[PDB]
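Right, one structure below, let's go through it.
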6 protein chains.
Amino acid sequence: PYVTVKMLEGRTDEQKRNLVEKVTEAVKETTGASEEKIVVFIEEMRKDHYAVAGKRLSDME
Amino acid sequence: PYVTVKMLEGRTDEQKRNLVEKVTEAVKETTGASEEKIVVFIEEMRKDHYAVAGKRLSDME
Amino acid sequence: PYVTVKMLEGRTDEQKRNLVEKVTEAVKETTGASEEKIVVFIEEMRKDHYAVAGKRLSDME
Amino acid sequence: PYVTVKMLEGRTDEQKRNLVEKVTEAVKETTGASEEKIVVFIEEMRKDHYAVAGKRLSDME
Amino acid sequence: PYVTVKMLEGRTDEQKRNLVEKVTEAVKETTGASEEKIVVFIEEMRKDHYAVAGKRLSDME
Amino acid sequence: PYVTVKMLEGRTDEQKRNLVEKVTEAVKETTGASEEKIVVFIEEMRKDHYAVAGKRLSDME
């Protein structure tokens, strides 16, 4: 199983390590997937490259 | 945050429900994001559309 | 440029035609790119493959 | 609806803000999607990471 | 490495097998990666879900 | 056809140029796709953003 996590910049390296740990476990136990088969990708977004309702987060409070 | 889980066809509806649930909690507790801001996409693959070492799974003997 | 639009199943063929058209003009007029260089991909999701706050849409009551 | 716009580096911050505005509107009116439900991601490509017909744009005039 | 090939529906099963094989060798010999570390995903599009210059292929005359 | 190659940072600019050449050829001959229709994207991953079996490569030997 391939898991891609897309989130905004601003997380600690530790939060990222925990994210991978937790997410991998969540997948292992709910899908019966073998652990060495679970891959995780982290993709960080820039507030000026992410919008909702027509407004980029870089243009918001 | 946005989580996309890509895995082979086959999981039961229940397994998928648990995946979404578990994966969402794993994100929530590990990044600080709030539930209504956590989105999960499920993408299923066919054994004949997924290959490793030049061999599609469907062609593995 | 490449534009991928991911949305739930349900739109009519007409709606999709308008999406491609409108979205392409929006790109053309806003980035300077030329029409034959603008590509649009449409990706449809199932309510049981899309979740928010740990709940797939198909499971929302 | 989730819209990903993949384009080359070289656009102004204003062009990007307009892109998000225009594209969000194009989607709102052609798909009947609620505005606060329309998300836009901008992904910039490097000429040395984008090829056509076997030649990277970084290796062209 | 992970290679995703996105193309229109239509290729034969044989063509797909050759794609995976050829593409994998091309990666192996050009990046140094080892075969069991090279993954290929095949994604097929519908002519009515792919557009160029504001015109879906299915609508081209 | 659109080919995305996702691999770790650490490859020479030459290896990347060869990758695009080889991969484009592999696709041209196995799918009957016209050369000017074959597009290649290179996406580099950071070891601290790529995990396998719950452990990020940045946390491994």
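Residues are referred to by chain and number: the chain letter is A, B, ... according to the order shown in the structure tokens, the number counts from 1 in that chain, and ligands are numbered separately from 1 in the order shown.
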What residues in chain A get the DSSP label alpha helix (DSSP H)? Please answer as a PyMOL selection string.
-> chain A and resi 13-31
Give one line per residue of region 7-51 of chain D that approaches region 27-36 of chain C to at most 10 Å, naming the two atoms of the closest pair and their distance in Å to one decimal, counting only C-alpha atoms; sort by chain then ascending residue number and deliver it as JSON lines.
```
{"residue": "D:7", "atom": "CA", "partner": "C:31", "partner_atom": "CA", "distance": 9.2}
{"residue": "D:10", "atom": "CA", "partner": "C:31", "partner_atom": "CA", "distance": 9.6}
{"residue": "D:11", "atom": "CA", "partner": "C:31", "partner_atom": "CA", "distance": 7.0}
{"residue": "D:12", "atom": "CA", "partner": "C:31", "partner_atom": "CA", "distance": 8.8}
{"residue": "D:14", "atom": "CA", "partner": "C:30", "partner_atom": "CA", "distance": 9.2}
{"residue": "D:15", "atom": "CA", "partner": "C:30", "partner_atom": "CA", "distance": 5.9}
{"residue": "D:16", "atom": "CA", "partner": "C:31", "partner_atom": "CA", "distance": 7.7}
{"residue": "D:17", "atom": "CA", "partner": "C:30", "partner_atom": "CA", "distance": 9.0}
{"residue": "D:18", "atom": "CA", "partner": "C:30", "partner_atom": "CA", "distance": 6.0}
{"residue": "D:19", "atom": "CA", "partner": "C:30", "partner_atom": "CA", "distance": 5.3}
{"residue": "D:20", "atom": "CA", "partner": "C:30", "partner_atom": "CA", "distance": 9.0}
{"residue": "D:21", "atom": "CA", "partner": "C:30", "partner_atom": "CA", "distance": 9.3}
{"residue": "D:22", "atom": "CA", "partner": "C:30", "partner_atom": "CA", "distance": 7.5}
{"residue": "D:23", "atom": "CA", "partner": "C:27", "partner_atom": "CA", "distance": 7.0}
{"residue": "D:26", "atom": "CA", "partner": "C:27", "partner_atom": "CA", "distance": 9.8}
```
Expressed in Å, the length from CA of residue 9 (chain C) to CA of residue 51 (chain E) is 17.9 Å
Can I get the residues of chain B within 6 Å of chain E, each with the closest pair of atoms and their distance in Å to one decimal, using only C-alpha atoms, sorted chain first then ascending number, as a tab-separated table?
```
residue	atom	partner	partner_atom	distance
B:49	CA	E:42	CA	4.8
B:50	CA	E:41	CA	4.9
B:51	CA	E:40	CA	5.0
B:52	CA	E:39	CA	4.6
B:53	CA	E:35	CA	4.4
B:54	CA	E:21	CA	4.5
```
Output N, CA and C atoms for every residue in the selection just made, as a PDB file, in the first residue's frame.
```pdb
ATOM      1  N   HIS B  49      -2.152  -3.809 -13.314  1.00  0.00           N
ATOM      2  CA  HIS B  49      -1.801  -2.401 -13.481  1.00  0.00           C
ATOM      3  C   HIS B  49      -0.727  -1.982 -12.475  1.00  0.00           C
ATOM      4  N   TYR B  50      -0.181  -2.965 -11.764  1.00  0.00           N
ATOM      5  CA  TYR B  50       0.838  -2.730 -10.745  1.00  0.00           C
ATOM      6  C   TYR B  50       2.006  -3.693 -10.919  1.00  0.00           C
ATOM      7  N   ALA B  51       3.206  -3.148 -11.073  1.00  0.00           N
ATOM      8  CA  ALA B  51       4.363  -3.995 -11.275  1.00  0.00           C
ATOM      9  C   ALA B  51       5.553  -3.689 -10.388  1.00  0.00           C
ATOM     10  N   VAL B  52       6.309  -4.738 -10.103  1.00  0.00           N
ATOM     11  CA  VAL B  52       7.509  -4.642  -9.298  1.00  0.00           C
ATOM     12  C   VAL B  52       8.563  -5.493  -9.989  1.00  0.00           C
ATOM     13  N   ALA B  53       9.754  -4.929 -10.153  1.00  0.00           N
ATOM     14  CA  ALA B  53      10.854  -5.622 -10.808  1.00  0.00           C
ATOM     15  C   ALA B  53      10.486  -6.023 -12.231  1.00  0.00           C
ATOM     16  N   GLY B  54       9.774  -5.140 -12.923  1.00  0.00           N
ATOM     17  CA  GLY B  54       9.388  -5.396 -14.301  1.00  0.00           C
ATOM     18  C   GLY B  54       8.313  -6.442 -14.512  1.00  0.00           C
TER      19      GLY B  54
END
```
Could you pull out all residues of region 4-57 of chain F with a DSSP call of strand (DSSP E or B) and give them as a VMD selection string? chain F and resid 4 to 8 39 to 45 50 to 52 55 to 56
